[PDB]
$ cat upload03.txt   # compact mmCIF, C-alpha atoms and all ligand atoms
# COMPACT_ATOMS: atom_id res chain seq x y z
CA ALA A 1 15.07 -12.01 -15.83
CA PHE A 2 14.26 -12.31 -12.14
CA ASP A 3 11.27 -13.68 -10.25
CA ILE A 4 11.31 -10.82 -7.71
CA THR A 5 12.72 -7.30 -7.44
CA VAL A 6 13.02 -5.88 -3.93
CA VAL A 7 13.27 -2.08 -3.76
CA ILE A 8 14.81 -0.82 -0.54
CA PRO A 9 14.89 2.95 0.04
CA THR A 10 17.59 3.92 2.51
CA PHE A 11 18.81 7.01 4.30
CA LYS A 12 21.11 6.66 7.34
CA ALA A 13 20.08 3.03 7.75
CA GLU A 14 23.28 1.63 9.20
CA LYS A 15 21.64 0.23 12.35
CA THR A 16 19.29 -2.16 10.53
CA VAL A 17 20.07 -2.45 6.80
CA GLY A 18 22.14 -5.59 7.31
CA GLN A 19 19.20 -7.40 8.91
CA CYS A 20 16.91 -6.18 6.14
CA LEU A 21 19.24 -7.45 3.42
CA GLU A 22 19.85 -10.76 5.23
CA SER A 23 16.09 -11.39 5.16
CA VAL A 24 16.16 -10.90 1.39
CA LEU A 25 19.35 -12.66 0.27
CA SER A 26 18.48 -15.66 2.42
CA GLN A 27 15.22 -16.18 0.46
CA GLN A 28 15.37 -19.62 -1.22
CA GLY A 29 13.59 -20.82 -4.36
CA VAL A 30 13.62 -17.59 -6.38
CA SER A 31 15.90 -15.41 -8.41
CA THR A 32 15.89 -11.98 -6.79
CA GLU A 33 17.12 -8.57 -7.91
CA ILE A 34 17.72 -6.03 -5.15
CA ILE A 35 17.69 -2.28 -5.81
CA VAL A 36 18.87 -0.15 -2.91
CA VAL A 37 17.88 3.50 -3.45
CA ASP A 38 20.00 5.45 -1.02
CA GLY A 39 19.40 9.17 -0.55
CA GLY A 40 23.04 10.05 0.16
CA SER A 41 23.73 8.35 3.49
CA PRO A 42 26.97 9.58 5.15
CA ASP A 43 27.06 6.66 7.62
CA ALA A 44 28.00 2.99 7.15
CA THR A 45 24.94 2.21 4.99
CA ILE A 46 26.70 1.97 1.65
CA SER A 47 29.57 -0.13 3.05
CA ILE A 48 27.12 -2.53 4.74
CA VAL A 49 25.04 -2.89 1.57
CA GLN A 50 28.31 -3.70 -0.18
CA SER A 51 29.04 -6.47 2.40
CA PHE A 52 26.30 -8.64 0.81
CA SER A 53 26.37 -10.73 -2.34
CA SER A 54 26.36 -8.12 -5.11
CA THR A 55 25.51 -10.35 -8.09
CA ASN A 56 21.99 -9.10 -8.34
CA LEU A 57 22.22 -5.93 -6.24
CA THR A 58 22.16 -2.39 -7.63
CA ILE A 59 23.03 0.61 -5.49
CA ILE A 60 21.62 4.03 -6.40
CA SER A 61 23.10 6.68 -4.08
CA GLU A 62 22.08 10.25 -4.80
CA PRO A 63 19.79 12.91 -3.35
CA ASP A 64 16.06 12.42 -3.65
CA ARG A 65 12.79 14.10 -2.68
CA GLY A 66 12.00 11.45 -0.07
CA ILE A 67 10.98 7.84 0.49
CA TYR A 68 8.42 7.66 -2.31
CA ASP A 69 10.73 9.37 -4.79
CA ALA A 70 13.34 6.72 -3.97
CA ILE A 71 10.72 3.96 -4.33
CA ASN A 72 9.72 5.38 -7.72
CA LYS A 73 13.34 5.34 -8.94
CA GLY A 74 13.66 1.67 -7.84
CA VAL A 75 10.35 0.55 -9.29
CA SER A 76 11.20 2.22 -12.58
CA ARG A 77 14.38 0.21 -12.88
CA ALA A 78 12.97 -3.09 -11.65
CA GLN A 79 13.31 -6.17 -13.87
CA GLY A 80 11.58 -8.74 -11.66
CA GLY A 81 8.21 -10.30 -12.34
CA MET A 82 6.84 -9.13 -9.01
CA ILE A 83 8.16 -6.05 -7.21
CA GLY A 84 8.23 -5.62 -3.46
CA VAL A 85 9.29 -2.65 -1.32
CA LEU A 86 11.01 -3.21 2.02
CA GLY A 87 12.15 -0.54 4.45
CA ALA A 88 15.45 -1.04 6.17
CA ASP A 89 13.78 -1.63 9.57
CA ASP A 90 11.67 -4.45 8.04
CA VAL A 91 12.36 -8.11 7.37
CA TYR A 92 10.74 -10.62 5.07
CA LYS A 93 9.94 -13.89 6.74
CA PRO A 94 11.46 -17.14 5.52
CA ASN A 95 10.16 -18.56 2.25
CA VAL A 96 7.99 -15.48 1.58
CA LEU A 97 9.49 -14.80 -1.85
CA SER A 98 8.90 -18.40 -3.03
CA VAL A 99 5.35 -18.04 -1.72
CA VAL A 100 4.91 -14.89 -3.83
CA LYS A 101 6.26 -16.63 -6.92
CA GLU A 102 3.96 -19.63 -6.38
CA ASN A 103 0.93 -17.44 -5.75
CA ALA A 104 1.65 -15.23 -8.78
CA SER A 105 1.83 -18.21 -11.18
CA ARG A 106 -1.69 -17.75 -12.61
CA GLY A 107 -1.02 -14.10 -13.48
CA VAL A 108 -2.49 -12.18 -10.57
CA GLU A 109 -1.16 -8.63 -10.55
CA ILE A 110 -0.80 -8.09 -6.80
CA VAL A 111 0.09 -10.68 -4.19
CA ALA A 112 -0.20 -9.33 -0.63
CA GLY A 113 0.38 -11.00 2.69
CA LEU A 114 -0.02 -10.27 6.38
CA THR A 115 2.18 -7.98 8.49
CA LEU A 116 3.39 -8.58 12.03
CA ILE A 117 3.76 -5.28 13.94
CA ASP A 118 5.12 -5.28 17.48
CA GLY A 119 4.14 -8.94 17.70
CA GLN A 120 0.53 -8.45 16.58
CA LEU A 121 -1.07 -8.90 13.20
CA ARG A 122 -1.96 -5.74 11.30
CA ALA A 123 -5.74 -5.34 11.16
CA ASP A 124 -6.11 -5.72 7.42
CA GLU A 125 -9.19 -4.92 5.30
CA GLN A 126 -10.30 -6.52 2.05
CA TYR A 127 -9.05 -5.22 -1.29
CA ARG A 128 -12.40 -4.06 -2.66
CA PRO A 129 -14.28 -0.74 -3.04
CA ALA A 130 -14.85 -0.56 0.69
CA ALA A 131 -11.09 0.18 1.03
CA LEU A 132 -11.68 3.45 -0.88
CA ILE A 133 -13.23 5.09 2.22
CA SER A 134 -10.38 3.81 4.38
CA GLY A 135 -6.59 3.60 4.20
CA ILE A 136 -4.32 0.94 2.73
CA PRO A 137 -6.04 -2.45 3.19
CA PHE A 138 -2.81 -4.42 3.72
CA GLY A 139 0.70 -3.37 4.75
CA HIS A 140 2.54 -1.84 1.85
CA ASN A 141 5.71 -3.78 2.72
CA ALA A 142 3.65 -7.02 2.50
CA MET A 143 2.65 -6.13 -1.06
CA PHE A 144 4.14 -7.42 -4.31
CA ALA A 145 2.96 -5.96 -7.59
CA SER A 146 3.75 -6.99 -11.10
CA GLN A 147 5.40 -4.94 -13.81
CA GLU A 148 2.00 -4.64 -15.47
CA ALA A 149 0.33 -3.47 -12.27
CA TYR A 150 2.87 -0.64 -12.02
CA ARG A 151 2.57 0.16 -15.70
CA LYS A 152 -1.21 0.47 -15.42
CA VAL A 153 -1.42 2.25 -12.09
CA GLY A 154 1.73 4.38 -12.42
CA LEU A 155 4.04 5.75 -9.77
CA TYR A 156 3.63 6.93 -6.20
CA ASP A 157 2.32 10.48 -5.84
CA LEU A 158 4.97 12.56 -4.10
CA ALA A 159 2.31 15.00 -2.80
CA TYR A 160 1.51 12.38 -0.16
CA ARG A 161 4.45 12.02 2.22
CA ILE A 162 2.65 9.62 4.54
CA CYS A 163 -0.17 7.95 2.60
CA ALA A 164 1.18 7.62 -0.95
CA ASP A 165 1.11 3.87 -0.37
CA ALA A 166 -2.66 3.95 0.27
CA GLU A 167 -3.28 6.26 -2.65
CA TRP A 168 -1.47 3.89 -5.02
CA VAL A 169 -3.45 0.87 -3.84
CA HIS A 170 -6.72 2.88 -4.13
CA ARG A 171 -5.72 3.62 -7.73
CA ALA A 172 -5.11 -0.12 -8.24
CA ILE A 173 -8.60 -0.91 -6.94
CA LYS A 174 -10.13 1.76 -9.16
CA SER A 175 -8.26 0.36 -12.13
CA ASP A 176 -9.52 -3.22 -11.37
CA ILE A 177 -5.98 -4.55 -10.80
CA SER A 178 -6.30 -8.18 -9.72
CA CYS A 179 -5.15 -9.10 -6.21
CA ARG A 180 -4.58 -12.29 -4.23
CA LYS A 181 -4.33 -12.01 -0.45
CA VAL A 182 -2.23 -14.72 1.26
CA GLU A 183 -3.00 -15.42 4.93
CA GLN A 184 0.61 -15.75 5.98
CA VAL A 185 2.95 -13.18 7.50
CA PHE A 186 5.18 -11.72 4.79
CA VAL A 187 6.87 -8.93 6.76
CA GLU A 188 7.74 -8.18 10.38
CA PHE A 189 8.69 -4.98 12.06
CA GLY A 190 8.59 -2.96 15.25
CA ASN A 191 1.88 13.84 14.04
CA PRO A 192 -1.61 12.30 14.04
CA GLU A 193 -3.30 15.34 12.50
CA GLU A 194 -1.00 15.16 9.46
CA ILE A 195 -1.72 11.48 9.03
CA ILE A 196 -5.47 12.10 9.33
CA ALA A 197 -5.22 15.04 6.94
CA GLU A 198 -3.47 12.89 4.34
CA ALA A 199 -5.79 9.94 4.80
CA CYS A 200 -8.85 12.18 4.34
CA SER A 201 -7.26 13.70 1.26
CA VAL A 202 -6.63 10.25 -0.22
CA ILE A 203 -10.31 9.35 0.29
CA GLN A 204 -11.39 12.61 -1.35
CA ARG A 205 -9.25 11.69 -4.31
CA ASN A 206 -11.55 8.75 -4.76
CA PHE A 207 -14.73 10.70 -3.92
CA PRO A 208 -14.17 14.42 -4.56
CA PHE A 209 -17.70 15.41 -3.53
CA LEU A 210 -16.91 14.60 0.12
CA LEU A 211 -16.02 17.28 2.62
CA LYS A 212 -12.89 16.56 4.66
CA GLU A 213 -14.98 15.94 7.76
CA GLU A 214 -17.17 13.44 5.89
CA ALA A 215 -14.11 11.58 4.63
CA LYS A 216 -12.95 11.51 8.25
CA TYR A 217 -16.28 10.20 9.52
CA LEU A 218 -16.21 7.39 6.96
CA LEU A 219 -12.62 6.44 7.75
CA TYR A 220 -13.28 6.37 11.46
CA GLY A 221 -16.49 4.43 10.93
CA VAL A 222 -14.93 1.68 8.84
CA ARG A 223 -11.94 1.36 11.14
CA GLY A 224 -14.15 1.28 14.20
CA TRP A 225 -12.75 4.45 15.71
CA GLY A 226 -16.02 6.37 15.43
CA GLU A 227 -19.80 5.99 15.33
CA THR A 228 -21.84 5.24 12.23
CA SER A 229 -25.32 6.74 12.73
CA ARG A 230 -24.64 9.31 9.96
CA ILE A 231 -23.56 6.78 7.30
CA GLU A 232 -27.11 6.51 5.90
CA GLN A 233 -27.32 10.33 5.74
CA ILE A 234 -24.00 10.49 3.84
CA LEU A 235 -25.23 7.75 1.55
CA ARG A 236 -28.43 9.66 0.74
CA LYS A 237 -26.50 12.87 0.26
CA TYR A 238 -24.06 11.57 -2.32
CA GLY A 239 -25.34 8.22 -3.57
CA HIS A 240 -26.43 9.79 -6.82
CA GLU A 241 -22.85 10.88 -7.54
CA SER A 242 -21.27 7.48 -7.86
CA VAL A 243 -22.20 3.82 -7.96
CA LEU A 244 -18.65 3.09 -6.77
CA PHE A 245 -19.36 5.14 -3.66
CA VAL A 246 -22.65 3.34 -3.00
CA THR A 247 -20.81 0.03 -3.45
CA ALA A 248 -18.06 1.10 -1.07
CA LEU A 249 -20.52 1.99 1.63
CA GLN A 250 -22.69 -1.08 1.29
CA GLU A 251 -19.56 -3.27 1.52
CA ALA A 252 -18.09 -1.39 4.49
CA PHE A 253 -21.39 -1.20 6.34
CA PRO A 254 -23.62 -4.08 5.24
CA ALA A 255 -26.42 -2.95 7.52
CA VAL A 256 -27.07 -0.04 5.10
CA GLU A 257 -28.01 -2.48 2.34
CA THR A 258 -31.72 -1.54 2.20
CA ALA A 259 -30.73 2.14 1.79
CA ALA A 260 -28.02 1.35 -0.76
CA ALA A 261 -30.46 -0.70 -2.83
CA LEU A 262 -32.58 2.44 -2.93
CA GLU A 263 -29.68 4.55 -4.21
CA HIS A 264 -28.94 1.94 -6.91
CA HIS A 265 -32.60 1.73 -7.91
CA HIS A 266 -33.04 5.46 -8.37
CA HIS A 267 -29.68 6.44 -9.84
CA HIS A 268 -27.59 3.54 -11.15
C1 LIG J 1 9.30 2.02 2.67
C2 LIG J 1 8.10 2.83 3.11
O1 LIG J 1 8.27 3.16 4.53
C3 LIG J 1 7.17 3.94 5.14
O2 LIG J 1 7.46 4.00 6.49
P1 LIG J 1 7.92 5.47 7.18
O3 LIG J 1 7.72 5.46 8.67
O4 LIG J 1 7.27 6.62 6.44
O5 LIG J 1 9.53 5.69 6.80
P2 LIG J 1 10.77 5.07 7.70
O6 LIG J 1 10.39 3.72 8.28
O7 LIG J 1 11.34 6.10 8.67
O8 LIG J 1 11.85 4.92 6.46
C4 LIG J 1 11.51 3.93 5.55
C5 LIG J 1 12.65 3.64 4.83
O9 LIG J 1 13.07 4.77 3.94
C6 LIG J 1 14.35 5.19 4.25
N1 LIG J 1 14.32 6.64 4.15
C7 LIG J 1 13.79 7.54 4.99
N2 LIG J 1 13.84 8.77 4.44
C8 LIG J 1 14.39 8.63 3.21
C9 LIG J 1 14.65 9.60 2.09
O10 LIG J 1 14.45 10.81 2.16
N3 LIG J 1 15.19 9.11 0.92
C10 LIG J 1 15.55 7.70 0.83
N4 LIG J 1 16.13 7.25 -0.36
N5 LIG J 1 15.27 6.82 1.85
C11 LIG J 1 14.68 7.29 3.07
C12 LIG J 1 14.65 4.58 5.70
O11 LIG J 1 16.09 4.48 5.64
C13 LIG J 1 13.99 3.46 5.68
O12 LIG J 1 14.65 2.32 4.95
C14 LIG J 1 5.90 3.13 4.83
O13 LIG J 1 4.72 3.81 5.36
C15 LIG J 1 5.69 2.83 3.37
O14 LIG J 1 4.48 2.00 3.35
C16 LIG J 1 6.84 2.05 2.84
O15 LIG J 1 6.96 0.87 3.64

$ encode --input "upload03.txt" --output "structure tokens" --more "lines below"
Ligand SMILES: C[C@@H]1O[C@H](OP(=O)(O)OP(=O)(O)OC[C@H]2O[C@@H](n3cnc4c(=O)[nH]c(N)nc43)[C@H](O)[C@@H]2O)[C@@H](O)[C@H](O)[C@@H]1O
Amino acid sequence: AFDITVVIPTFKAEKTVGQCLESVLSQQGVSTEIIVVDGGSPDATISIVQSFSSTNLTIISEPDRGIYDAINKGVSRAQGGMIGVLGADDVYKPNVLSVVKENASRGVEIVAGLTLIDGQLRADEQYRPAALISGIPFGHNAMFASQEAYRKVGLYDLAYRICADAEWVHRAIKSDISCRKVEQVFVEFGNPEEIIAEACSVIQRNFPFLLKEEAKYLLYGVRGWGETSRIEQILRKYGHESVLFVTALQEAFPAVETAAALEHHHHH
């Protein structure tokens, strides 16, 4: 019934929710449903959300198990053709929703754009198997996914409080969900061991034969935070387990092509 659904999880968002909503309601060229999933804010959040045009805006306000629980409730109710998720500290840039509608017109399942963070572009990676030894390849708040993409992939895994976004996109890649990356900014905004722990866990969900430290090595290698002289060793160790894994490494690290060809030849 709507081109776009925007799911906005909120808790105590009074300082910025107005700006968030203004970036959504101002979007021209589309019909947009907004679902605000509030976790029981005691501040001005609900009143401010109510200060906007309510025609296509639903407010859920009730306790939840966190951001991704709230997102799941919103996604589950969404009626739009493409579904985006915006945090209250985020803004969509002008004309972004019309750009999503235009770029979704041939039936791609995910349309993702660029993200501006503290005035710099997020260092995005390609949506491909190489992302499976990394994190989320684009900003989650720059992502729009269709009803069918959510039906096929499913919901966000609440076990991940930091990286459920990455884990969902990794599932999309593994499920061969189609994706179109648009080279335009869609969204603007401004404990490391826990983040690293979750990111390594997400990678092991793709490749369960990896030790945590090997998942970490691969993540740091693809992101450029660490060295790569052990990639070939990792490839020899596990290549036989999974053609997807061999593919992921040869994409991430094209210099290991001669060794990856050898894994393919012997095992796949
Ligand atoms: C929206 C998500 O934000 C993540 O940023 P991440 O710093 O964790 O989370 P924050 O930026 O602090 O909060 C994100 C949004 O969720 C709301 N919020 C925070 N906690 C809760 C909660 O317990 N329940 C509900 N209903 N709302 C909550 C907050 O008001 C804000 O709009 C991204 O990493 C994800 O990719 C996605 O963009």

$ residues_near_ligand --input "upload03.txt" --ligand "ligand LIG 1 (chain J)" --cutoff "7 Å" --atoms "all atoms listed in the file" --output "PyMOL selection string"
chain A and resi 8-13+37-39+64-67+70+85-89+139-141+162-163+165

$ residues_around --input "upload03.txt" --residues "residue 112 (chain A)" --least-positions-apart "3" --cutoff "12 Å" --atoms "only C-alpha atoms" --output "PyMOL selection string"
chain A and resi 82-85+96-97+99-101+103-104+108-109+115+124-127+136-146+169+178-187

$ closest_residue --input "upload03.txt" --among "A:17, A:30, A:248, A:259" --to "residue 48 (chain A)" --atoms "only C-alpha atoms"
A:17

$ residues_near_point --input "upload03.txt" --point "(-0.2, 3.8, -4.0)" --cutoff "10 Å" --atoms "all atoms listed in the file" --output "short mmCIF file (atom, residue, chain, number, x, y, z; two decimals) with C-alpha atoms, in the coordinates of the input"
data_model
loop_
_atom_site.label_atom_id
_atom_site.label_comp_id
_atom_site.auth_asym_id
_atom_site.auth_seq_id
_atom_site.Cartn_x
_atom_site.Cartn_y
_atom_site.Cartn_z
CA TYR A 68 8.42 7.66 -2.31
CA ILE A 136 -4.32 0.94 2.73
CA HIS A 140 2.54 -1.84 1.85
CA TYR A 150 2.87 -0.64 -12.02
CA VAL A 153 -1.42 2.25 -12.09
CA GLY A 154 1.73 4.38 -12.42
CA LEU A 155 4.04 5.75 -9.77
CA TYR A 156 3.63 6.93 -6.20
CA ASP A 157 2.32 10.48 -5.84
CA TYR A 160 1.51 12.38 -0.16
CA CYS A 163 -0.17 7.95 2.60
CA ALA A 164 1.18 7.62 -0.95
CA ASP A 165 1.11 3.87 -0.37
CA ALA A 166 -2.66 3.95 0.27
CA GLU A 167 -3.28 6.26 -2.65
CA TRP A 168 -1.47 3.89 -5.02
CA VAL A 169 -3.45 0.87 -3.84
CA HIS A 170 -6.72 2.88 -4.13
CA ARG A 171 -5.72 3.62 -7.73
CA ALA A 172 -5.11 -0.12 -8.24
CA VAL A 202 -6.63 10.25 -0.22
#

$ residues_around --input "upload03.txt" --residues "region 55-59 of chain A" --least-positions-apart "5" --cutoff "6 Å" --atoms "only C-alpha atoms" --output "number ranges by chain"
A: 33-36

$ atom_distance --input "upload03.txt" --atom1 "CA of residue 31 (chain A)" --atom2 "CA of residue 91 (chain A)"
17.7 Å

$ residues_near_point --input "upload03.txt" --point "(17.5, -13.7, 2.4)" --cutoff "12 Å" --atoms "all atoms listed in the file" --output "PyMOL selection string"
chain A and resi 6+18-34+52-53+91-98

$ atom_distance --input "upload03.txt" --atom1 "CA of residue 219 (chain A)" --atom2 "CA of residue 133 (chain A)"
5.7 Å

$ atom_distance --input "upload03.txt" --atom1 "CA of residue 159 (chain A)" --atom2 "CA of residue 206 (chain A)"
15.3 Å

$ closest_residue --input "upload03.txt" --among "A:235, A:252, A:197, A:7" --to "residue 77 (chain A)" --atoms "all atoms listed in the file"
A:7

$ decode --input "upload03.txt" --residues "region 45-151 of chain A" --atoms "C-alpha atoms" --output "mmCIF file, in the first residue's frame"
data_model
loop_
_atom_site.group_PDB
_atom_site.id
_atom_site.type_symbol
_atom_site.label_atom_id
_atom_site.label_comp_id
_atom_site.auth_asym_id
_atom_site.auth_seq_id
_atom_site.Cartn_x
_atom_site.Cartn_y
_atom_site.Cartn_z
ATOM 1 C CA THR A 45 9.404 11.245 22.763
ATOM 2 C CA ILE A 46 5.801 10.164 22.346
ATOM 3 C CA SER A 47 4.487 13.750 22.325
ATOM 4 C CA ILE A 48 7.074 14.799 19.727
ATOM 5 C CA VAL A 49 6.291 11.815 17.497
ATOM 6 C CA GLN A 50 2.657 12.881 17.775
ATOM 7 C CA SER A 51 3.584 16.432 16.587
ATOM 8 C CA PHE A 52 4.128 15.077 13.038
ATOM 9 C CA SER A 53 1.602 14.189 10.364
ATOM 10 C CA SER A 54 0.020 10.987 11.691
ATOM 11 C CA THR A 55 -1.745 9.790 8.521
ATOM 12 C CA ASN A 56 0.727 7.053 7.884
ATOM 13 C CA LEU A 57 2.436 6.850 11.279
ATOM 14 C CA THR A 58 1.974 4.022 13.783
ATOM 15 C CA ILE A 59 3.243 4.276 17.339
ATOM 16 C CA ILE A 60 4.044 1.096 19.275
ATOM 17 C CA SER A 61 4.965 1.985 22.875
ATOM 18 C CA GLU A 62 5.647 -0.945 25.166
ATOM 19 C CA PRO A 63 8.615 -2.668 26.789
ATOM 20 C CA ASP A 64 10.971 -4.625 24.588
ATOM 21 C CA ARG A 65 14.168 -6.669 24.789
ATOM 22 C CA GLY A 66 16.200 -3.988 23.016
ATOM 23 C CA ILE A 67 16.845 -2.250 19.706
ATOM 24 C CA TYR A 68 16.673 -5.350 17.530
ATOM 25 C CA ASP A 69 13.533 -6.628 19.258
ATOM 26 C CA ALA A 70 11.923 -3.258 18.482
ATOM 27 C CA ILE A 71 13.163 -3.438 14.876
ATOM 28 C CA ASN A 72 11.685 -6.940 14.557
ATOM 29 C CA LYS A 73 8.279 -5.739 15.807
ATOM 30 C CA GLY A 74 8.346 -2.902 13.225
ATOM 31 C CA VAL A 75 9.522 -5.033 10.335
ATOM 32 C CA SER A 76 6.846 -7.599 11.112
ATOM 33 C CA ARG A 77 4.136 -4.993 10.796
ATOM 34 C CA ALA A 78 5.556 -3.194 7.768
ATOM 35 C CA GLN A 79 3.366 -2.805 4.675
ATOM 36 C CA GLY A 80 5.797 -0.939 2.418
ATOM 37 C CA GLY A 81 7.496 -2.373 -0.636
ATOM 38 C CA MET A 82 10.937 -1.583 0.728
ATOM 39 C CA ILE A 83 11.657 -1.345 4.464
ATOM 40 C CA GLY A 84 14.286 0.891 6.002
ATOM 41 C CA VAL A 85 15.413 1.266 9.622
ATOM 42 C CA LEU A 86 16.451 4.664 10.967
ATOM 43 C CA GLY A 87 17.690 5.429 14.453
ATOM 44 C CA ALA A 88 16.494 8.606 16.073
ATOM 45 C CA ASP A 89 19.974 10.219 15.857
ATOM 46 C CA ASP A 90 20.030 9.588 12.070
ATOM 47 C CA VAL A 91 18.598 11.486 9.124
ATOM 48 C CA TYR A 92 17.801 10.454 5.584
ATOM 49 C CA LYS A 93 19.112 12.853 2.998
ATOM 50 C CA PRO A 94 16.761 14.625 0.602
ATOM 51 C CA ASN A 95 15.218 12.561 -2.176
ATOM 52 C CA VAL A 96 16.679 9.296 -0.801
ATOM 53 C CA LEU A 97 13.322 7.529 -0.595
ATOM 54 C CA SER A 98 12.450 8.362 -4.233
ATOM 55 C CA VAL A 99 15.912 7.097 -5.159
ATOM 56 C CA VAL A 100 15.162 3.801 -3.370
ATOM 57 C CA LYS A 101 11.824 3.462 -5.155
ATOM 58 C CA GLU A 102 13.433 4.173 -8.540
ATOM 59 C CA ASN A 103 16.289 1.767 -7.911
ATOM 60 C CA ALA A 104 13.957 -0.986 -6.662
ATOM 61 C CA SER A 105 11.778 -0.857 -9.802
ATOM 62 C CA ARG A 106 13.323 -3.936 -11.460
ATOM 63 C CA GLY A 107 12.713 -6.085 -8.373
ATOM 64 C CA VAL A 108 16.031 -6.030 -6.552
ATOM 65 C CA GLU A 109 15.566 -7.191 -2.977
ATOM 66 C CA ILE A 110 17.999 -4.855 -1.212
ATOM 67 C CA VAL A 111 18.857 -1.291 -2.171
ATOM 68 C CA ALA A 112 21.711 0.134 -0.083
ATOM 69 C CA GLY A 113 23.399 3.499 -0.196
ATOM 70 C CA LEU A 114 26.352 5.282 1.363
ATOM 71 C CA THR A 115 26.569 6.616 4.927
ATOM 72 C CA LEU A 116 28.101 9.889 6.064
ATOM 73 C CA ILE A 117 29.605 9.563 9.573
ATOM 74 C CA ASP A 118 31.116 12.603 11.278
ATOM 75 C CA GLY A 119 31.487 14.165 7.841
ATOM 76 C CA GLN A 120 33.307 11.217 6.255
ATOM 77 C CA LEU A 121 32.021 8.398 4.117
ATOM 78 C CA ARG A 122 31.737 4.992 5.762
ATOM 79 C CA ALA A 123 34.363 2.643 4.327
ATOM 80 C CA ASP A 124 31.965 0.224 2.700
ATOM 81 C CA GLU A 125 32.758 -3.249 1.309
ATOM 82 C CA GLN A 126 31.072 -5.110 -1.528
ATOM 83 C CA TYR A 127 28.023 -7.286 -0.895
ATOM 84 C CA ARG A 128 29.582 -10.613 -1.871
ATOM 85 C CA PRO A 129 31.074 -13.655 -0.076
ATOM 86 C CA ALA A 130 34.100 -11.640 0.959
ATOM 87 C CA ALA A 131 31.783 -9.778 3.396
ATOM 88 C CA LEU A 132 31.297 -13.081 5.271
ATOM 89 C CA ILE A 133 34.756 -12.791 6.882
ATOM 90 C CA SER A 134 34.089 -9.159 7.772
ATOM 91 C CA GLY A 135 31.265 -7.107 9.274
ATOM 92 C CA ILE A 136 28.290 -5.407 7.642
ATOM 93 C CA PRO A 137 29.389 -4.225 4.166
ATOM 94 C CA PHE A 138 27.224 -1.078 4.158
ATOM 95 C CA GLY A 139 25.603 0.929 6.956
ATOM 96 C CA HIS A 140 22.480 -0.773 8.183
ATOM 97 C CA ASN A 141 20.608 2.550 8.279
ATOM 98 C CA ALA A 142 21.485 3.022 4.564
ATOM 99 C CA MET A 143 19.819 -0.308 3.756
ATOM 100 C CA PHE A 144 16.340 -0.914 2.373
ATOM 101 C CA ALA A 145 15.068 -4.456 2.042
ATOM 102 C CA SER A 146 11.934 -5.758 0.468
ATOM 103 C CA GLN A 147 9.147 -7.720 2.102
ATOM 104 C CA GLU A 148 10.431 -10.796 0.292
ATOM 105 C CA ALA A 149 13.991 -10.255 1.489
ATOM 106 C CA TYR A 150 12.737 -10.222 5.091
ATOM 107 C CA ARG A 151 10.489 -13.205 4.494
#
